[PDB]
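I have placed the structure first, in the form of structure tokens, so that the comments after it can refer back to it.
2 protein chains.
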Amino acid sequence: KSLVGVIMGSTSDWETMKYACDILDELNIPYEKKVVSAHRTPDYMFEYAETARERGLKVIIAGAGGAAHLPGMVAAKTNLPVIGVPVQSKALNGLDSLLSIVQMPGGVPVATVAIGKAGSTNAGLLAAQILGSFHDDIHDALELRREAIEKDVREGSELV
Amino acid sequence: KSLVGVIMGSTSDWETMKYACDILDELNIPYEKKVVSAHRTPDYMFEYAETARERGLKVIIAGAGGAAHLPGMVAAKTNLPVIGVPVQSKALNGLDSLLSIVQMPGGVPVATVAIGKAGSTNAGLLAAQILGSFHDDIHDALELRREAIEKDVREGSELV
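In order, the protein sequence lines correspond to chains A and B.
Each residue of the first sequence is one higher than the last, beginning at 2 in the entry's author numbering.
Each residue of the second sequence is one higher than the last, beginning at 2 in the entry's author numbering.
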């Protein structure tokens, strides 16, 4: 049973959103991934969000660029934590994506991460952290993962 | 036993961070509030972050402005979810705060919310949502709060 839903407005955002999914896979967290568009499939977006809780999801990761409304509108329709990944847009390099996602009004939080693939990775990790707040096995896995990277960086980053 | 830690670098940030605490008070979620500075008390910041999980905290809300490093450095030191509130800075109106918080690299997510008061309110709600991913009573209270606001706004839609 999926614990995290990873959604995005278009297939073109997949190369960004796959980073989140890779993290979930690495950590063996069950998830689903779907294209759900705020602007092209608005009714479907509402159905997806409003039924997430009953479907067993605990966290939603939503990616969008430009006038990026997907994370906020999903957030307006569920009280699951919603993590917003600003996709890097062509003209404004994700500045529009960022402001469109992060500047939510009081009452409807969206947990916003960095523009692009770094943010996407981080959305997966943040979802895992949210689960880890109550599943010690996931928290332990996150700790070990971080420890392993710390060692790799401190001990195996030779400069020539 | 506090479930949320609400921290900020300066007593002057309280004007912003109070809003997150008002939400927690409203939802009867036990929390602690402290002045922890990334730049003025860096050792204390590491100790606070390191010991949060042991102490029973499940989420940390951190507010900072300007070259805002508090949320990110706390996040580097704990696998609890960390919510970053960008405080509105004087010269750049929180643009510096926002970018210095949200643009975290892969491996160390910070759940970033809006600049200022709206963001602070939302950090409290987001922490509650994170708790609500395990605690059905908190999730239900969030749903009820939102439903009452919906009614106040909808059965109040007339501009007279």
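We put the beta carbon where it would ideally sit given N, CA and C, even for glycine.
Sequence-distant partners of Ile131 of chain A (beyond 5 residues in either direction) whose C-beta falls short of 8 Å from its own C-beta, in its chain, are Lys59, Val60 and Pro82. Take the alpha-carbon of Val154 of chain B and the one of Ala149 of chain A: they are about 50 Å apart.
Judged by pairs of C-beta atoms under 8 Å, the stretch 72 to 87 of chain A touches the stretch 39 to 52 of chain A, as three or more such pairs exist. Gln130, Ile131, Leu132, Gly133, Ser134, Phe135 and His140: these are the residues of the stretch 130 to 142 of chain A whose beta carbon lies less than 8 Å from some beta carbon of chain B, given in chain order.
The C-beta distance from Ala69 of chain A to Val88 of chain A rounds to 7 Å, short enough to fall under 8 Å. In the DSSP assignment, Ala65 of chain A falls within the unbroken beta strand (DSSP E) covering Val60 to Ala65.
With a minimum length of 4 residues, the unbroken runs of alpha helix (DSSP H) contained wholly in the stretch 68 to 97 of chain A fall at 71 to 76. Within the same chain, and ignoring the five residues on either side of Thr12 of chain B in sequence, the residues whose Cβ sits closer than 7 Å to its Cβ are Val36. Of the candidates A:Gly108, A:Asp137 and A:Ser134, A:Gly108 places its Cα closest to the Cα of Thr122 of chain B. Taken through DSSP and simplified to helix, strand or coil, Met46 of chain B comes out as helix.
Here the alpha carbons of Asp97 of chain B and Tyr49 of chain A stand approximately 35 Å from one another. In this structure, DSSP gives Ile30 of chain A a state outside helix and strand, which the three-state scheme calls coil.
Residue contact check for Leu25 of chain B against chain A: no CB pair falls below 8 Å.
Shown here, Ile8 of chain B sits in a strand according to DSSP, grouped into three states. Below the 8 Å Cβ cutoff, chain B contributes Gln130, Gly133, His140, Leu143, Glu144 and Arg147 as neighbours of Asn80 of chain A, in chain order.
Taking C-beta atoms under 8 Å as the contact rule, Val114 of chain A and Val86 of chain A qualify, at a distance of about 6 Å.
At a beta-carbon threshold of 9 Å, the residues of chain A lying near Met105 of chain B are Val114, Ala115, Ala119, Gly120 and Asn123, ordered along the chain. Beta-carbon to beta-carbon, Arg54 of chain B and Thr79 of chain B are separated by about 6 Å, close enough to satisfy the 8 Å threshold. Between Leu127 of chain B and chain A, the shortest Cβ-Cβ separation is below 8 Å. By the 16-neighbour rule on beta-carbons within 10 angstroms, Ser90 of chain B is buried. Under the DSSP definition of a beta bridge, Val36 of chain A partners with A:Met9. With respect to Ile30 of chain B, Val7 of chain B sits apart: the two C-beta atoms are not nearer than 8 Å. Pairing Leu99 of chain A with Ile116 of chain A, the inter-Cα distance amounts to about 7 Å.
Of the residues assessed, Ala129 of chain B falls on the buried side of the cut-off, its CB having 16 or more other CB atoms within 10 angstroms. Under the DSSP assignment, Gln104 of chain A falls outside any alpha helix (DSSP H); it carries neither an H nor an E label.
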